[PDB]
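*Asks:* What follows is the file data_32.txt, containing compact mmCIF, C-alpha atoms and all ligand atoms:
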# COMPACT_ATOMS: atom_id res chain seq x y z
CA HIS D 1 131.38 32.49 132.17
CA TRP D 2 133.45 35.16 133.77
CA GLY D 3 133.17 36.31 137.33
CA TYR D 4 135.30 36.90 140.40
CA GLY D 5 135.70 33.37 141.74
CA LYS D 6 138.66 31.09 141.80
CA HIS D 7 138.06 29.51 138.44
CA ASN D 8 136.57 32.42 136.47
CA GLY D 9 138.03 35.55 138.05
CA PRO D 10 140.19 38.34 136.66
CA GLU D 11 143.27 36.20 136.01
CA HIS D 12 141.11 34.02 133.71
CA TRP D 13 139.41 36.76 131.70
CA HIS D 14 142.07 36.95 128.97
CA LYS D 15 141.01 33.53 127.64
CA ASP D 16 137.63 34.88 126.52
CA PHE D 17 138.68 38.55 126.24
CA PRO D 18 142.24 38.78 124.97
CA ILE D 19 142.23 42.54 125.23
CA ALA D 20 142.63 41.86 128.96
CA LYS D 21 146.37 41.91 128.21
CA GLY D 22 146.09 45.09 126.13
CA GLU D 23 147.94 48.37 126.23
CA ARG D 24 145.36 50.54 128.06
CA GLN D 25 143.72 48.25 130.63
CA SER D 26 142.07 49.42 133.82
CA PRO D 27 142.18 49.80 136.74
CA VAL D 28 145.71 50.96 137.57
CA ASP D 29 147.61 52.04 140.63
CA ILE D 30 147.66 55.84 140.82
CA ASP D 31 151.17 56.68 141.99
CA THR D 32 150.53 60.22 143.19
CA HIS D 33 154.17 61.22 142.95
CA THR D 34 154.63 60.19 139.30
CA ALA D 35 151.29 61.73 138.29
CA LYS D 36 151.82 64.87 136.18
CA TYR D 37 150.07 68.08 137.16
CA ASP D 38 148.56 69.56 133.99
CA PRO D 39 147.62 73.28 134.24
CA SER D 40 145.72 72.94 130.95
CA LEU D 41 143.20 70.53 132.49
CA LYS D 42 139.87 72.26 132.87
CA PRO D 43 137.72 71.82 135.98
CA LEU D 44 135.21 69.00 135.72
CA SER D 45 131.66 70.05 134.90
CA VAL D 46 129.16 67.70 136.55
CA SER D 47 125.59 68.63 135.62
CA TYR D 48 123.30 66.18 137.43
CA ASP D 49 120.41 68.49 138.37
CA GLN D 50 118.08 67.03 135.81
CA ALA D 51 119.12 63.39 136.27
CA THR D 52 116.33 60.81 135.92
CA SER D 53 117.04 57.47 137.54
CA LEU D 54 114.84 54.65 136.33
CA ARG D 55 115.73 51.45 138.08
CA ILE D 56 118.28 49.36 139.86
CA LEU D 57 119.50 45.99 138.60
CA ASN D 58 121.53 43.11 140.02
CA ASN D 59 123.38 41.89 136.91
CA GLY D 60 125.29 39.10 138.66
CA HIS D 61 128.52 41.10 138.97
CA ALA D 62 127.38 44.33 140.66
CA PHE D 63 124.23 46.41 140.91
CA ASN D 64 123.58 49.19 138.39
CA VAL D 65 121.43 52.26 139.00
CA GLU D 66 120.31 53.13 135.49
CA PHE D 67 119.31 56.49 134.14
CA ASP D 68 117.34 57.92 131.24
CA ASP D 69 120.10 58.79 128.76
CA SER D 70 117.80 59.69 125.87
CA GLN D 71 118.44 63.41 126.44
CA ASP D 72 121.18 65.59 127.97
CA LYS D 73 119.80 65.33 131.50
CA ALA D 74 122.85 64.26 133.53
CA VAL D 75 126.06 65.14 131.73
CA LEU D 76 129.77 65.27 132.40
CA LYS D 77 131.89 67.78 130.51
CA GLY D 78 135.09 69.72 130.90
CA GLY D 79 138.08 68.22 132.61
CA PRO D 80 140.08 66.28 130.02
CA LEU D 81 137.02 65.70 127.86
CA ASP D 82 136.05 67.07 124.48
CA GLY D 83 132.31 67.37 124.16
CA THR D 84 129.51 66.08 126.32
CA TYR D 85 129.12 62.70 127.94
CA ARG D 86 125.79 61.42 129.23
CA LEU D 87 125.25 59.49 132.46
CA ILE D 88 123.84 56.04 131.71
CA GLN D 89 124.41 54.20 134.96
CA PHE D 90 126.43 53.95 138.10
CA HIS D 91 127.58 50.92 140.06
CA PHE D 92 130.14 49.99 142.64
CA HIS D 93 132.91 47.50 143.30
CA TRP D 94 133.55 46.45 146.89
CA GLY D 95 135.39 44.05 149.16
CA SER D 96 134.73 41.28 151.62
CA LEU D 97 136.58 43.42 154.19
CA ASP D 98 136.85 47.17 154.64
CA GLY D 99 140.55 46.97 153.71
CA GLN D 100 139.93 46.12 150.05
CA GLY D 101 137.32 46.62 147.36
CA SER D 102 138.43 49.48 145.17
CA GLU D 103 139.75 48.83 141.69
CA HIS D 104 142.03 51.80 141.35
CA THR D 105 144.54 52.17 144.12
CA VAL D 106 146.30 55.30 145.35
CA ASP D 107 149.96 54.72 146.15
CA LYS D 108 149.00 51.02 146.40
CA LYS D 109 146.30 51.83 148.96
CA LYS D 110 142.98 50.11 148.55
CA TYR D 111 139.70 51.70 149.53
CA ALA D 112 136.63 49.76 150.79
CA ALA D 113 134.75 50.36 147.55
CA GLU D 114 134.73 52.40 144.38
CA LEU D 115 131.80 54.09 142.67
CA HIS D 116 131.76 54.24 138.85
CA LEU D 117 129.51 56.85 137.23
CA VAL D 118 129.47 55.75 133.60
CA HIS D 119 128.95 58.32 130.82
CA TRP D 120 129.01 58.00 127.04
CA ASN D 121 130.16 60.48 124.43
CA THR D 122 127.05 61.93 122.80
CA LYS D 123 128.71 62.23 119.40
CA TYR D 124 128.34 58.43 119.10
CA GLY D 125 124.58 58.40 119.52
CA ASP D 126 124.25 55.65 122.11
CA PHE D 127 126.20 53.63 124.63
CA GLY D 128 126.50 50.58 122.38
CA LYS D 129 128.27 52.56 119.66
CA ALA D 130 130.32 54.58 122.15
CA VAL D 131 131.95 51.53 123.75
CA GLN D 132 133.45 50.67 120.37
CA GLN D 133 135.33 53.96 120.26
CA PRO D 134 138.64 54.96 121.91
CA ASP D 135 136.99 58.11 123.36
CA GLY D 136 133.54 56.60 123.79
CA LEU D 137 133.18 56.64 127.57
CA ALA D 138 134.08 58.76 130.53
CA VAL D 139 133.88 56.99 133.87
CA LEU D 140 133.99 59.10 137.01
CA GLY D 141 135.52 56.99 139.77
CA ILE D 142 134.99 57.89 143.41
CA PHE D 143 136.57 56.04 146.30
CA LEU D 144 134.60 55.00 149.37
CA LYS D 145 136.23 54.74 152.76
CA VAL D 146 134.48 53.45 155.87
CA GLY D 147 133.69 56.15 158.41
CA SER D 148 130.64 58.36 158.79
CA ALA D 149 127.55 57.45 156.77
CA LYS D 150 126.85 59.05 153.42
CA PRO D 151 123.17 60.06 153.67
CA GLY D 152 122.81 60.30 149.90
CA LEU D 153 123.72 56.63 149.55
CA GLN D 154 121.04 55.37 151.93
CA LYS D 155 118.24 55.14 149.34
CA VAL D 156 120.49 52.79 147.35
CA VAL D 157 121.31 50.70 150.43
CA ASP D 158 117.64 50.37 151.37
CA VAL D 159 116.51 48.92 148.04
CA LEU D 160 119.17 46.19 147.87
CA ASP D 161 116.88 43.72 149.67
CA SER D 162 114.66 43.93 146.56
CA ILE D 163 117.45 42.88 144.17
CA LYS D 164 119.36 40.30 146.21
CA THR D 165 120.01 37.91 143.32
CA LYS D 166 121.21 38.00 139.72
CA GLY D 167 118.62 39.27 137.26
CA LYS D 168 116.44 41.09 139.78
CA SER D 169 115.49 44.68 139.09
CA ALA D 170 113.47 47.28 140.95
CA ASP D 171 111.99 50.65 140.09
CA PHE D 172 114.34 53.27 141.38
CA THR D 173 113.19 56.75 140.44
CA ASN D 174 114.15 60.20 141.69
CA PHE D 175 117.59 59.22 142.97
CA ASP D 176 119.92 62.21 142.96
CA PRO D 177 123.52 61.18 142.17
CA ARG D 178 124.77 64.55 143.46
CA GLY D 179 124.43 63.05 146.94
CA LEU D 180 127.29 60.65 146.14
CA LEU D 181 129.86 63.34 145.27
CA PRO D 182 132.64 64.50 147.60
CA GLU D 183 133.29 68.17 148.19
CA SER D 184 136.22 68.56 145.81
CA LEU D 185 136.26 67.65 142.13
CA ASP D 186 140.07 67.49 141.95
CA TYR D 187 140.91 64.47 139.84
CA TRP D 188 143.44 62.23 138.18
CA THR D 189 142.87 61.20 134.57
CA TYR D 190 144.27 58.58 132.20
CA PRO D 191 143.12 56.57 129.18
CA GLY D 192 141.95 53.07 130.02
CA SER D 193 139.32 50.39 129.65
CA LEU D 194 136.18 48.89 131.08
CA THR D 195 137.21 46.94 134.17
CA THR D 196 134.85 44.06 133.42
CA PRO D 197 134.52 42.02 130.22
CA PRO D 198 134.46 42.94 127.40
CA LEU D 199 137.34 45.09 128.80
CA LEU D 200 137.07 47.46 125.84
CA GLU D 201 139.67 50.23 125.65
CA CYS D 202 137.13 53.03 125.37
CA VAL D 203 137.32 54.90 128.70
CA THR D 204 138.71 58.24 129.74
CA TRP D 205 139.09 57.59 133.45
CA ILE D 206 138.52 60.50 135.81
CA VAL D 207 139.24 59.44 139.39
CA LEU D 208 138.47 61.91 142.18
CA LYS D 209 141.17 62.65 144.75
CA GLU D 210 138.71 62.97 147.63
CA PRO D 211 136.92 59.80 148.76
CA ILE D 212 133.44 59.82 150.17
CA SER D 213 132.92 58.22 153.54
CA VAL D 214 130.20 55.63 154.05
CA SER D 215 129.28 53.80 157.20
CA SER D 216 130.25 50.24 158.03
CA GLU D 217 126.55 49.33 157.98
CA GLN D 218 126.15 50.78 154.49
CA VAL D 219 128.96 48.73 153.00
CA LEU D 220 127.84 45.62 154.94
CA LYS D 221 124.55 45.79 153.07
CA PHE D 222 126.45 45.68 149.73
CA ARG D 223 128.01 42.42 150.99
CA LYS D 224 124.62 40.76 151.51
CA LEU D 225 123.99 40.71 147.77
CA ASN D 226 124.39 37.58 145.79
CA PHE D 227 126.26 36.79 142.58
CA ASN D 228 123.95 33.85 141.95
CA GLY D 229 120.38 33.84 140.72
CA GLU D 230 117.47 32.98 142.96
CA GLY D 231 117.24 29.27 143.62
CA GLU D 232 120.93 28.74 142.89
CA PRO D 233 123.58 28.19 145.59
CA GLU D 234 124.24 31.41 147.46
CA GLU D 235 127.55 33.13 146.82
CA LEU D 236 127.91 36.53 148.41
CA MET D 237 128.60 39.38 146.00
CA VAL D 238 131.92 40.53 147.52
CA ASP D 239 135.37 41.20 146.04
CA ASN D 240 133.89 42.09 142.65
CA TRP D 241 136.96 44.19 141.81
CA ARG D 242 139.66 43.73 139.19
CA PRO D 243 143.20 44.29 140.48
CA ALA D 244 145.50 46.97 139.17
CA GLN D 245 146.86 46.39 135.67
CA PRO D 246 150.16 47.52 134.22
CA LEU D 247 150.34 51.17 133.30
CA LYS D 248 152.40 50.37 130.14
CA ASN D 249 153.05 53.64 128.27
CA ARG D 250 150.50 55.79 129.93
CA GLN D 251 150.96 58.84 132.14
CA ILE D 252 148.37 59.77 134.71
CA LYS D 253 147.61 63.50 134.79
CA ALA D 254 146.42 65.42 137.82
CA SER D 255 144.21 68.52 137.88
CA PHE D 256 145.82 69.59 141.09
CA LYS D 257 149.28 70.23 142.44
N1 LIG D 301 133.55 48.90 135.69
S1 LIG D 301 133.51 50.09 134.50
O1 LIG D 301 134.96 50.12 133.83
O2 LIG D 301 133.03 51.49 135.12
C1 LIG D 301 132.32 49.65 133.25
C2 LIG D 301 131.53 50.64 132.71
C3 LIG D 301 130.60 50.31 131.74
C4 LIG D 301 130.49 49.00 131.34
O3 LIG D 301 129.55 48.69 130.37
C5 LIG D 301 131.29 48.02 131.90
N2 LIG D 301 131.24 46.63 131.57
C6 LIG D 301 129.99 45.95 131.35
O4 LIG D 301 128.94 46.52 131.40
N3 LIG D 301 130.08 44.54 131.06
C7 LIG D 301 128.88 43.76 130.82
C8 LIG D 301 128.41 43.25 132.19
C9 LIG D 301 129.10 43.64 133.34
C10 LIG D 301 128.65 43.17 134.56
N4 LIG D 301 127.61 42.37 134.64
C11 LIG D 301 126.94 41.99 133.56
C12 LIG D 301 127.31 42.41 132.30
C13 LIG D 301 132.20 48.35 132.88
ZN ZN D 302 133.01 49.61 137.47
Please rewrite the model in this file as structure tokens.

*Replies:*
Amino acid sequence: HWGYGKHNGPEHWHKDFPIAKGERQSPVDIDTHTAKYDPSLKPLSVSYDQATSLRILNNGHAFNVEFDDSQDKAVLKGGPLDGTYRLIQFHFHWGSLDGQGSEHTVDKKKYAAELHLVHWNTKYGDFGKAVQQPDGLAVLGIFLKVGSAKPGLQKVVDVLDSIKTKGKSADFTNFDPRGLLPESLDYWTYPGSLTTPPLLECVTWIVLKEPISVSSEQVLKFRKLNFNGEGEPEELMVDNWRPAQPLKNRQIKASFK
């Protein structure tokens, strides 16, 4: 099975998931000079006040903080989106070094990590149906650079010792995802895909211009996770990012000029 190693990493995924070579694959490089400012883009509406986190899970590729998505508690609307998308989970991708780790790049620049807040279009009833649809998901992507700590991330960092290995989960209630958001909600947007298998072309990507800063110690704790299950040989969970894919005939739009 697929992963991020030398024999099963991103360049291998197309053998099991042929859509890996598709027409709207993610991530991509965001060339900020070819991005098109679109005055008709609405501001993003992020309504996380009622969010209910439930638990945190090491799935062998990243860790997911999962939310109750059985009601409109934490929703994303506006921006390029029609209708309401519900937060189901967030996770991150990160590097072995501070100089790499993000999936999207900005003018070929790589950030230390990238946060994905995953939301599904409520008109499809649940996440499983939504991923089968071209407008099924909206993923809000936020870059992390290494600098000052992000206090709102610390509760995530502190529980990672409880989920070191693949398949481990821990109760993780009352986490407020608003503490992971940068000041500005200026964004780029383009149609794309999940960045891990099954690589389905179901995502409206919304990538924030402004990164959040996290401390070196915070991202180091990410790197102490393991891809392997307990009692298997230890392989650090680092470099769990897919590289940029061809833009093909897509234009990236910007909400700001
Ligand atoms: N990166 S993303 O484009 O925001 C994204 C958003 C929502 C997703 O459902 C996926 N993809 C998966 O969930 N794949 C199954 C899986 C992945 C990792 N480990 C175990 C199982 C990727
Ligand atoms: Zn992701």

*Asks:* So which residues are near ligand LIG 301 (chain D), meaning at most 9 Å away with only C-alpha atoms and all ligand atoms counted, given back as a ChimeraX atom specification?

*Replies:* /D:3,26-27,58-64,88-93,103,115-119,127-128,131,137-141,192-200,203,205,241-242

*Asks:* Could you check the closest approach to residue 45 (chain D) for each of D:83, D:167, D:151, D:18 and tell me which residue wins, using all atoms listed in the file?

*Replies:* D:83

*Asks:* Record the distance separating CA of residue 17 (chain D) and CA of residue 201 (chain D), expressed in Å with one decimal.

*Replies:* 11.7 Å

*Asks:* Restricting the calculation to only C-alpha atoms and all ligand atoms, which member of D:113, D:156, D:106, D:247 is positioned closest to ligand ZN 302 (chain D)?

*Replies:*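 The closest residue to ligand ZN 302 (chain D) is D:113.
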
*Asks:* Compile the contact shell of residue 28 (chain D) as a PyMOL selection string: residues with an atom at most 6 Å away, counting all atoms listed in the file, same-chain residues fewer than 3 positions apart removed.

*Replies:* chain D and resi 104+244-245

*Asks:* Given all atoms listed in the file as the basis, pick out the residue of D:122, D:174, D:249, D:184 nearest to residue 87 (chain D).

*Replies:* D:122

*Asks:* What gap, in Å, lies between CA of residue 124 (chain D) and CA of residue 50 (chain D)?

*Replies:*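 Calculated distance between CA of residue 124 (chain D) and CA of residue 50 (chain D) is 21.4 Å.
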
*Asks:* One decimal, Å: what's the distance from CA of residue 243 (chain D) over to CA of residue 177 (chain D), could you say?

*Replies:*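 Atom-to-atom, CA of residue 243 (chain D) to CA of residue 177 (chain D), that is 26.0 Å.
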
*Asks:* From the set D:100, D:47, D:32, D:162, which residue has the shortest atom-to-atom contact distance to residue 240 (chain D), counting only C-alpha atoms?

*Replies:*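 With only C-alpha atoms as the atom set, the closest residue is D:100.
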
*Asks:* Looking at only C-alpha atoms, which of D:189, D:105, D:218, D:121 is the one that sits closest to residue 79 (chain D)?

*Replies:*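 Smallest distance to residue 79 (chain D) is found for D:189.
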
*Asks:* Given only C-alpha atoms as the basis, pick out the residue of D:40, D:145, D:23, D:120 nearest to residue 71 (chain D).

*Replies:*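 Closest to residue 71 (chain D), using only C-alpha atoms: D:120.
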
*Asks:* List the neighbours of residue 231 (chain D) out to 12 Å using only C-alpha atoms; skip same-chain residues closer than 6 positions along the sequence, and give me the result as a list in words.

*Replies:*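 Counting only C-alpha atoms, the residues come to residues 164, 165, 166 and 167 of chain D.
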
*Asks:* Counting only C-alpha atoms, what is within 6 Å of residue 214 (chain D), bar same-chain residues fewer than 4 positions away, as a VMD selection string?

*Replies:* chain D and resid 146 to 150

*Asks:* Do you know which residues are at most 7 Å from residue 111 (chain D) counting all atoms listed in the file, after dropping those on the same chain fewer than 6 positions away, and could you put them as a PyMOL selection string?

*Replies:* chain D and resi 99-102+143-145

*Asks:* Which residues are near residue 42 (chain D)? Cut-off 12 Å, all atoms listed in the file, ignore same chain within fewer than 5 positions. Put them as a VMD selection string.

*Replies:* chain D and resid 37 77 to 82 185 to 189 253 to 256
